[PDB]
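Here's the letter readout for the chains.
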Protein chains: 2
Amino acid sequence: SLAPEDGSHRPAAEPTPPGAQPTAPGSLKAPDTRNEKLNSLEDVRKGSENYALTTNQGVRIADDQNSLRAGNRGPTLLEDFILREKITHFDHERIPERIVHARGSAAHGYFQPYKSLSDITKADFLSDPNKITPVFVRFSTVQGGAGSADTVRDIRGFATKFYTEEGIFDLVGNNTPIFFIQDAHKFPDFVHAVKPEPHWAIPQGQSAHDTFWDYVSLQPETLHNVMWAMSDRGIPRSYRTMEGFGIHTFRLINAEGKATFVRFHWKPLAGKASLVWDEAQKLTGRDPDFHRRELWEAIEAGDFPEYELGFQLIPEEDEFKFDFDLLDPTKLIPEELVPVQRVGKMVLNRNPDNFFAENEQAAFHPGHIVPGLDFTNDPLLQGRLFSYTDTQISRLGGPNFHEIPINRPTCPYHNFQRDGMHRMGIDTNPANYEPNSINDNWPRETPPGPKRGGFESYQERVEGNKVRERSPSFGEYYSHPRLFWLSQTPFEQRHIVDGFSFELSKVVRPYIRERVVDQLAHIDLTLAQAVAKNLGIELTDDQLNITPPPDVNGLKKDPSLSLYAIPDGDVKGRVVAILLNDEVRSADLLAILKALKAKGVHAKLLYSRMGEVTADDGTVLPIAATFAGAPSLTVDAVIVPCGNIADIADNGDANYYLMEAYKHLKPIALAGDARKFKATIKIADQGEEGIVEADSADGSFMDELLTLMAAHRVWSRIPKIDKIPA
Amino acid sequence: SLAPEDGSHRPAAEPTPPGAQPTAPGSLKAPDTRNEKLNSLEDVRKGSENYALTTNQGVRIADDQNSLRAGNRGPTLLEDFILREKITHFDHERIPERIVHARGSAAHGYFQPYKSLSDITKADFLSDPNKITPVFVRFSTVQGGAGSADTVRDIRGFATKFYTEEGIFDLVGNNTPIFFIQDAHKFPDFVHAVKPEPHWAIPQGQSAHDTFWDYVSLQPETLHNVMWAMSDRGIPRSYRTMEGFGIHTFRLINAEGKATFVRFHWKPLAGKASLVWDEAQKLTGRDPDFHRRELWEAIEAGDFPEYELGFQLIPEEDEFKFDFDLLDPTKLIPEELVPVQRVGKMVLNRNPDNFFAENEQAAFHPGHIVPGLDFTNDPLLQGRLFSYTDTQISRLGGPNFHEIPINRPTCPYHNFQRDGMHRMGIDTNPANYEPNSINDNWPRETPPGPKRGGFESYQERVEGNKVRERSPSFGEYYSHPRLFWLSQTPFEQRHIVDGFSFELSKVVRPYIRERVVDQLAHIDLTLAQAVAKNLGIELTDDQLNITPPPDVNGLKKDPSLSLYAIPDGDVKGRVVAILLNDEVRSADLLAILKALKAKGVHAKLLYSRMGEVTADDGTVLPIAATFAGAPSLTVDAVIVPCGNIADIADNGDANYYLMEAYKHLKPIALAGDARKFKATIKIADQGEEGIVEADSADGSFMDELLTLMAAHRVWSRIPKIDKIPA
Ligand code: HDD
Ligand code: HDD
């Protein structure tokens, strides 16, 4: 027995805040969290406790420490079948990673609609407010490999597998409402341009290189999503604090056959929140797994990520009433023109057991729709339908990928397909064809109907010649980037300018920079001049005379496009760093932890070493991490309680901890003699907005601090940070 | 035509310093750098200029911007074979990454022995000083995926494919002289333990988690390589400044049939040099491709990585004359007892053309030996022989992986093997078996002999029972960790302490830390006490009376195990940051750049924006990067010339540039009014060692700075950096 007698090796099977316990597989951490999909996976789950170590053939292994050899110092013998099996499996562990979105993090949950949508869709999972549909959701980046970092500047993926009673429905979206390109034929072109360059495979997880901006400068259709990626949208605080969109216009079909155009939205319950770039870039080095960890730990804490599903709904006769083409995925539908209507809510409440088996092997594909839903002629969606079935043949080893447990439907599935690599199902049907008499033609077709019917495509009208040709209605590239730009706050605009500037500064060929600046001058001259200034470029008089693009159906801004314009913050699930000293004033800490617990805010107690310290009243305080081990990048605010401040007053890591949080605009709270730290951040004796300070942490100290946290960051501090050396 | 009329899209086909030009595939950058392997690859190289865009079947494409559809706003048609071919190929681009060493960077070069070694080996590539052997070298980390970061704390791989006239020889080594484990049966257990943990797949590129130190604490055989991993050996400055080792004892076999035991060594011509931890960890964020980048650019500069091959040689009759077992791969051979004898030199002088085709698909395997070389009963080596063949069947799609162009021998190869997936060779032999009369038994066996003879194994004697048993001679675990500890300088010992301390602070279960500390007390109680203090752990009296382990055949220490104890630094290929202002003193800059070119030291001119600035004499200075875009992490030293210093005196990024470089112990030179920056780094008016300063950048000023660069870092500055907030 190698476990410790005190049993401290096993985490408790109950919700615990991040860092209190070792993380564990979901069925062990929360065995009583169940749904119909989790239960169906029990047949393939494998335990371990009280079992013998065997080969894959069931043979008990006596000595798992040594190869078989001719003498204890002799050659290894080919007849060691236990070695060779163990090494063979190891030698073939890896499978191809996803072509795009290879880096991702996933969890189980459930979905439930608010009310029956049977008036607009016959889709069964939206027909009754009491119908609960299990889900599996994978969040992702786009460009980086499976081993790349979480907090890069990138688009994020948001893929939801609905295990419906009438088929698997995959909603395969991103965290922005549009994509970079218009036609699927260009997808390898765009992806090759953004991916690491083919001679040397640099850089990983970054669009800040020549070939990406080269493609953008020559393809202005890309400009809208590029705007989004250069904003703080491209660097989310977590997957819980981002939006989701299906991007394409789809169709809803009701029992009477009426089609309604629809676009899908996920609204985060935790609000919209993003990092700032210096923080996001450094965090890819201090913790490349930050988003993966934060997701797992929130679920282990009970901080279940929640999202409200919503629809923008457009009648068929309104197809042409907007300036933009509904079928153009580089165009958004402003919520000011078509509101998002609440449909239901999704809760992610259990982690997987084995990342490889459940996350890496999961297969999402937007062609996986159910009766009540249908496609449109969006030329990007159209080509997606081919790719997501095709790519699985190599990634997941063949055509039986639906038999891998995480991908199996929970509803019945029967047909006349047979064979293929690693076929699990053993068909007893006398027939493998239809029409057949020898099994009385079963399984049988089902006619279309209002529920439990067969799938039939909406009989939309088609008219035109066979052409490789872009619809002229698509050939407008600058109005929607402008609408986005004007909808941002001034500090969000600053960050957009700084994103473009930082990225173009790493383009080596200067003529590429100049061509991207010229495209910006077609969007907004304020934006283009600000970027040009940082690049040492001067706009020509002709460029200064570029007429701006028209408004979007009269709109000159839409505050739903901004992260922060309308407050939607939420402190539940946020984390505060508490910086300890060797004789902490316990009255401060008790007030701090009481206020944080009331709002569901977590705390990390940090010191210069691990182990424990003792407060003034003798209370023993366990240390979560060092100052260097858990930098301010990983928390939302910093609190410094009173006590023996001289212990850390001249500690470089303690001082830098506050300087980093200050530069990154986070709230900071100083109690008693901890107010001496204002000098390291150059805060005058009069104080300033964003620095909570008082004689002690009792009173309004923590309400000021929690109000600041509900506002996410202290945007008013931005003029002051450029003098801070951090 | 989309290129710029001035041709600045294309880099010059001549050696150019890093940053000067865009990087390029090796055949375009250096068309005249040739060897036999590079030349043999011309049959599969594909150009591009002046060729039509086609399908894979050779059909010319007219519109590569659109899918085929029924009307320009209609559905995509299944008959668009151009779309489906292009998407199909994209959908299947990825192949399994390597199970280990998935992250790596490679280059072409050549090798040449100094003299004939026919007295000790009949290996043909070592027979003649005028015999040139082309090579392909891949450097790697171990734990992370192909998309993980370069400057992690890990072991590094160093793999060399020799394309000899008598077969491919692969020398597949690492950058430390031992491995973690003794018997290959344990390799899946160790690797699984160091890799991301199976439930959530965290952490990437790090051994700082519970399962790794759990294994270590339970398997003391691992302590020796762990010590190397926790030293600055784990974080190399670049692949050019690290050693290589084969680790295993092999045999040399001469024409008389005499066996000599040998261990292989690579000695870097650039010397040994490593980062510091805070620097290395931060650099995985600011540039996760730092090592890949530095290697490519050094070769484009003509700054070819060079390595001397050396042998430790031991007569067969001396097999048992050491305190350790020569066949134990957790033991090193001290150079003080067996010197490394120089054999030849290897030069890396051309980058690949396509990273995937040459680097990702390259297959290295230590079973690939040639006549004149042989194996030993090293139980780790013995199991490696199985794995490197087996793993390619899935990783490279089958048994013809030797036909992938990078892997092809340059010498003849003929046998009776046939078929298999993607077979390229078309065999005309009437017979696919031997013995055969119908082709007069060709191709035929060759008897062993002095040159050009068939491979025969050394007929070593084997005596023993079939057993799964570790040799008792392997049962010592602490003498070699001690030897290594005592061989380090005081500041390398400090960095080892901080490496163990940092990593154990990330282990969530405290009993694992305590168990690792107890292991450390069997090596050195000063190391154990210093790590325990940072963990809040108090060693018991029992632990304090653990007897130290004996030394190694009388050796207490061996300075060759230190990175820095013996000076070996070379400044050629290093890089200096030069921080500009808007009116630089041209006399300063002229003298700086003149002295750096004399030593082959590169420079990047940094400013607060892109573009150009003008010197005091009107000289236009082009800016290479911003202060933030090329942080001090990426340079070896910082020079601040005199000028309009008020322009950057209050720039937070400019002051931080110096503070970061200061903390990471790098040389700093300050001319004229730049000396006012001393206050930011808290240097007294009278100065200190490591800070170069004068009225101007002439005189001895550049000599002083270059002397500091030859010493790599200012170790004496360590006591001062703790009080620095950076
Ligand atoms: C025609 C090619 C093509 C095009 C135009 C798109 N995609 Fe895609 N996408 C793929 C081809 C693809 C793929 C190559 O088939 C992937 C990679 C691995 C896989 O299974 O599917 C994929 C993966 C993938 C994933 C990750 C699913 C997971 O977690 O496993 C998401 C979230 C998206 N895509 C979302 C989008 C969105 C929102 C798009 C624009 C509206 C989009 N893709 C356009
Ligand atoms: C029995 C299993 C096993 C054991 C005990 C080892 N390795 Fe290994 N090694 C492999 C199984 C393996 C592998 C799984 O076969 C790899 C991964 C993919 C491949 O082609 O070979 C590999 C890759 C690999 C590479 C990367 C090659 C490349 O650049 O493509 C290097 C440098 C090494 N190894 C070096 C070592 C050293 C120095 C070891 C100890 C002395 C060692 N390996 C033990």
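Residues numbered from 1 in each chain as written, not as in the entry; some residues may be left out. Chains lettered and ligands numbered in written order. Part of a larger assembly, values for the part shown. Heavy atoms only, no water.

What about helix α7 (residues 277-286) of chain B?
And then number 1: Along α7 of chain B, nine of the ten residues are buried, which leaves the element largely enclosed by surrounding structure.
And then number 2: Along α7 of chain B, the residues that are buried comprise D278, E279, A280, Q281, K282, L283, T284, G285 and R286 of chain B.
And then number 3: Considering only its buried residues, α7 of chain B is in contact with α7 (277-286) of chain A together with α8 (290-300), α13 (490-504) and α18 (652-663) of chain B. (Buried < 20%, exposed > 50% of the residue type's maximum accessible area, 1.4 Å probe, protein only. Helix = DSSP H or I, 4+ residues; strand = E, 2+ residues; numbered from the N terminus. Contact = heavy atoms within 4.5 Å.)

What about the relation of the copies chain A and chain B?
And then number 1: Expressed as a screw transformation, the operator carrying chain A onto chain B has a rotation angle of 180° and an axial translation of 0.0 Å, and the superposed copies differ by an RMSD of 0.1 Å. Taken together, the rotation angle and the small translation identify this as a two-fold axis. Residues of chain A ranked by C-alpha distance from the rotation axis are headed by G285 of chain A, positioned 1.8 Å from it.
And then number 2: A symmetric contact is evident, with 98% of the interface residues of chain A recurring at the interface of chain B. (Least-squares fit on C-alpha atoms.)

Details of the sheet that holds strand β13 (residues 575-579) of chain B
Residue and element names in this part refer to chain B.
And then number 1: Strands sit in the order β17-β14-β13-β18-β19-β20 across an open sheet of six strands; the sheet is parallel. The open sheet is flanked by β17 (625-626) and β20 (691-694), the only strands paired with a single partner.
And then number 2: In this sheet, strand β18 (residues 637-640) lies alongside β13 in parallel orientation, the contact comprising three bridges. The partner of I578 across the bridge, within β18, is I639. (Pairing = 2+ DSSP bridges.)

Considerations on the coordination of the iron atom of ligand 2
And then number 1: Looking at the protein side alone, the iron atom of ligand 2 has one donor only, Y388 of chain B (OH), at 2.0 Å.
And then number 2: Relative to the elements of secondary structure, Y388 of chain B occurs in helix α10 (residues 379-390). (Donors = N, O, S within 2.8 Å, 3.2 Å for Na, K, Ca; no water.)

Description of the interface of chain A and chain B
And then number 1: The interface is formed by 140 residues belonging to chain A together with 137 residues belonging to chain B.
And then number 2: Taken over both partners, the interface formed by chain A and chain B buries close to 11,800 Å², and the fraction arising from carbon and sulfur atoms is 53%.
And then number 3: Counting every contact that joins chain A to chain B gives 14 salt bridges.
And then number 4: Applying the counting criterion to the chain A and chain B interface returns 77 residue pairs in polar contact.
And then number 5: Considering each element in turn, the side of chain A that touches chain B owes the most residues, eight residues, to helix α3 (residues 81-91) of chain A.
And then number 6: Residues of the side of chain A that touches chain B, tallied by class, amount to 52 nonpolar, 43 polar and 45 charged. (Buried area = accessible area lost by both parts, 1.4 Å probe. Salt bridge = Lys/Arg side-chain N within 4 Å of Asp/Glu carboxyl O. Polar contact = N/O pair within 3.5 Å; in protein donor to acceptor, adjacent residues only side chain to side chain. Nonpolar A, V, L, I, M, F, W, Y, C, P; charged D, E, K, R; others polar.)

Observations concerning the UniProt feature "active site" in chain A
Residue and element names in this part refer to chain A.
And then number 1: Using the residue numbers shown here, the UniProt feature "active site" corresponds to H101 and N174. For the annotated residues, spread through 74 residues, the largest C-alpha to C-alpha distance comes to 10.3 Å, consistent with a single compact locus. Considering only the annotated residues already named, the ones lining the second largest cavity are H101 and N174.
And then number 2: For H101, the position within the fold is in the loop between α3 and β2 (104-113). (UniProt positions renumbered as here; feature names shortened; annotations may be inferred. 1 Å grid on protein atoms, 1.4 Å probe; cavity = no way out; pocket = protein on both sides within 12 Å on 5 of 7 lines; lining within 4 Å.)

What about the packing of helix α5 (residues 210-218) of chain A against helix α14 (residues 510-521) of chain A?
All names here are of chain A.
And then number 1: As a packed pair, α5 and α14 sit with axes 9 Å apart at the nearest point and diverge in direction by 40°. By the angle between their axes, α5 is oblique relative to α14. Judged by the twist between their axes, the crossing of α5 over α14 is left-handed. Across the interface between the two elements, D210, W213, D214, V216, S217 and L218 of α5 pack against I512, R515, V516 and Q519 of α14.
And then number 2: Residues belonging to the contact of α5 with α14 are distributed by class as follows: five nonpolar, two polar and three charged. (Axes fitted to C-alpha atoms, helices over the stretch in contact; angles between N-to-C directions. Parallel < 35°, antiparallel > 145°, perpendicular 65-115°, else oblique. Left-handed = near helix turned anticlockwise from the far one by under 90°.)

Here we look at empty space enclosed by the protein
And then number 1: By volume, the largest cavity is sized at about 860 Å³.
And then number 2: Looking at the lining of the largest cavity, the elements with two or more residues in it are α3 of chain A together with β3 (133-140), β4 (157-164), β5 (167-174), α4 (187-194), α6 (223-230), α10 and α11 (392-395) of chain B.
And then number 3: If you tally residues by element for the lining of the largest cavity, the top one is α10 of chain B, at five residues.
And then number 4: Among the residues making up the lining of the largest cavity, the classes are represented as 25 nonpolar, 15 polar and seven charged. (Points joined across faces, edges and corners; volume = space filled by probe spheres on them.)

Remarks on the site of ligand 1
All names here are of chain A.
And then number 1: Inspection of the region around ligand 1 gives 24 residues, with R98, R138, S387, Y388 and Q392 positioned closest.
And then number 2: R138 is positioned with one of its side-chain polar atoms (N or O) 2.9 Å from an oxygen atom of ligand 1.
And then number 3: Contact between ligand 1 and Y388: a nitrogen atom at 2.7 Å from a side-chain N or O atom of the residue.
And then number 4: Taking a 2 Å distance to the grid points as the criterion, the majority of the atoms of ligand 1 fall inside the second largest cavity.
And then number 5: Listed by contribution, the elements that provide at least two residues to the shell around ligand 1 are β4 (157-164), β5 (167-174), α10 (379-390) and α11 (392-395).
And then number 6: Of the residues that constitute the shell around ligand 1, the class distribution is eleven nonpolar, nine polar and four charged. (Near = heavy atom within 4 Å. Sits in = over half its atoms within 2 Å of the grid points.)

Notes on the side chain of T141 of chain B
Residues and elements named next belong to chain B.
And then number 1: Looking at where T141 falls in the secondary structure, it is placed in the loop between β3 and β4.
And then number 2: Given a relative accessible area of 1%, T141 falls into the buried group.
And then number 3: In this structure, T141 is in contact with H101, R103, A149, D150, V152, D154, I155, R156, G157 and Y239, ignoring residues within four places of it in sequence.

What about unusual backbone geometry?
All names here are of chain A.
And then number 1: Cis peptide bonds are those with omega within 30 degrees of zero, and the linkage from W442 to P443 qualifies with -5°.
And then number 2: Within the secondary structure, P443 sits in the loop between α11 and β12 (466-467).
And then number 3: Of note in this structure, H101 is not a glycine but carries a positive phi near 65°.
And then number 4: Phi is positive for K682, close to 60°, though the residue is something other than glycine.
And then number 5: Judged by relative accessible area, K682 falls into the partly exposed class, the value being 43%.

With respect to the nonpolar core
And then number 1: Grouped together as the largest cluster of nonpolar side chains are 236 residues, with contacts concentrated most on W213, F500 and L527 of chain A together with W213, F500 and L527 of chain B.
And then number 2: Not counting residues within four places of it along the chain, the set of residues in contact with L527 of chain B comprises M227, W485, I496, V497, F500 and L520 of chain B.
And then number 3: Of all hydrophobic cores here, the second largest spans 34 residues; its members include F125, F139, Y239 and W266 of chain B. (Core = buried A, V, L, I, M, F, W, Y, C linked by side-chain atoms within 4.5 Å.)

Describing the sheet that holds strand β13 (residues 575-579) of chain A
Residue and element names in this part refer to chain A.
And then number 1: A sheet is described by the order of its strands in space; here six strands give the open sequence β17-β14-β13-β18-β19-β20, paired in parallel fashion. Two strands in the sheet have a free side with no partner beyond their single neighbour: β17 (625-626) and β20 (691-694).
And then number 2: Taken together, the two bridges between strand β14 (residues 602-607) and β17 define a ladder with parallel strand orientation. Within β17, the position partnered with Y607 by the bridge is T626.
And then number 3: Contacts from helix α20 (residues 701-710) reach β13, β18 (637-640), β19 (668-671) and β20, with the element oriented near 175° to β20.

Focus: the pairing of strand β14 (residues 602-607) of chain B
Residues and elements named next belong to chain B.
And then number 1: Sheet topology note: the β13/β14 ladder contains five bridges and is parallel. Bridging from a neighbouring strand, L579 pairs with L606 of β14.
And then number 2: For the handedness criterion, the β-α-β arrangement of β13, helix α17 (residues 586-598) and β14 is classed as right-handed. (Right-handed = clockwise from strand over helix to strand, strands pointing away.)

Some words on the site of ligand 2
All names here are of chain B.
And then number 1: Around ligand 2, a shell composed of 23 residues is seen, among which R98, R138, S387, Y388 and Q392 lie nearest.
And then number 2: A distance of 3.0 Å separates an oxygen atom of ligand 2 from a polar side-chain atom of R138.
And then number 3: With respect to ligand 2, the side chain of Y388 contributes an N or O atom lying 2.7 Å from a nitrogen atom.
And then number 4: Applying the majority rule of atoms within 2 Å of the grid points places ligand 2 in the largest cavity.
And then number 5: If you list the elements that add at least two residues to the shell around ligand 2, you get β4, β5 and α10.
And then number 6: The dominant element in the shell around ligand 2, judged by the number of residues it contributes, is α10, at five residues.
And then number 7: Classifying every residue of the shell around ligand 2 by side-chain character gives eleven nonpolar, nine polar and three charged.

So, the pairing of β3 of chain B
Residue and element names in this part refer to chain B.
And then number 1: With respect to burial, β3 is a largely interior element, eight of its eight residues being buried.
And then number 2: Of the two faces of β3, both are covered, the one formed by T133, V135, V137 and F139 as well as the one formed by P134, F136, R138 and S140.
And then number 3: Where strand β2 (residues 104-113) meets β3, eight bridges bridge the pair, whose relative direction is antiparallel. Looking at the pairing, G109 lines up with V135 of β3.
And then number 4: Pairing between β3 and β4: six bridges, direction antiparallel. Counterpart to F139 in the pairing with β4 is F158.

Overview of the UniProt feature "binding site: heme" in chain A
All names here are of chain A.
And then number 1: UniProt tags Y388 as "binding site: heme".
And then number 2: Residue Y388 is classed as partly exposed on the basis of its relative accessible area of 22%.
And then number 3: For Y388, the contacting residues outside a window of four places in its chain are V172, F364, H365 and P366.

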